[PDB]
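Only one chain is given next, in structure tokens, and it is the form deposited without equilenin.
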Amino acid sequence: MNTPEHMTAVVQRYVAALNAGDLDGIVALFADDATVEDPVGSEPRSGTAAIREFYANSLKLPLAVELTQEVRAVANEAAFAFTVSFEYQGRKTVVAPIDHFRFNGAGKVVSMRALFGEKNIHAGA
């Protein structure tokens, strides 16, 4: 029923790839017809095309994600929480959204939805 090592490992490899800016790879990370939602209720994308479109418009910003908690892998599920370092307009900020990925088939992510709150961000300079 999906392992935490494989799942979590995927999340890890994904994070790295993310910081690497590997869109193609990141895309290959999950299904090809999967649906990503970042942040939330902000028009979810579907298909390596969309997934890439978003992930791209996202990376568009020079940020650095890093784990500061852990991952919540369960029934073909993997809901982990990570931080996002980004600074703009002489204003630094660090978010801590939660990525919720659901694997299907056996270990293929076809659905990905994040969870970011207002108090999940910490501005500063």
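Residue positions are given as counts along the sequence shown, with the first one as 1.
Quick note: we don't show the form solved in complex with equilenin, though the next part is all about it.
Enquirer: Looking at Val27, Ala50, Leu67, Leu63, which has any heavy atom no more than 4.5 Å from equilenin in the bound PDB entry?
Expert: Result of the distance check: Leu63.
Enquirer: Taking heavy atoms only, is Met112 within 4.5 angstroms of equilenin in the bound PDB entry?
Expert: Residue-level check for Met112: yes, a contact with equilenin.
Enquirer: In the bound PDB entry, does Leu18 come within 4.5 Å of equilenin, counting heavy atoms only?
Expert: Although equilenin is absent here, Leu18 would touch it in the bound PDB entry, with heavy atoms inside 4.5 Å.
Enquirer: If we define contact as a non-hydrogen atom of the residue within 4.5 angstroms of the partner, is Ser46 a contact of equilenin in the bound PDB entry?
Expert: Because no heavy atom of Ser46 falls inside 4.5 Å of equilenin in the bound PDB entry, the answer is no.
Enquirer: Is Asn76 near equilenin? Define near as a heavy atom within 4.5 Å, in the bound PDB entry.
Expert: Contact with equilenin, no.
Enquirer: Would you give me the residues of 83-115 that have any heavy atom within 4.5 Å of equilenin in the bound PDB entry, in order from first to last?
Expert: Residues within 4.5 Å: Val84, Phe86, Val95, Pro97, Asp99, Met112, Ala114.
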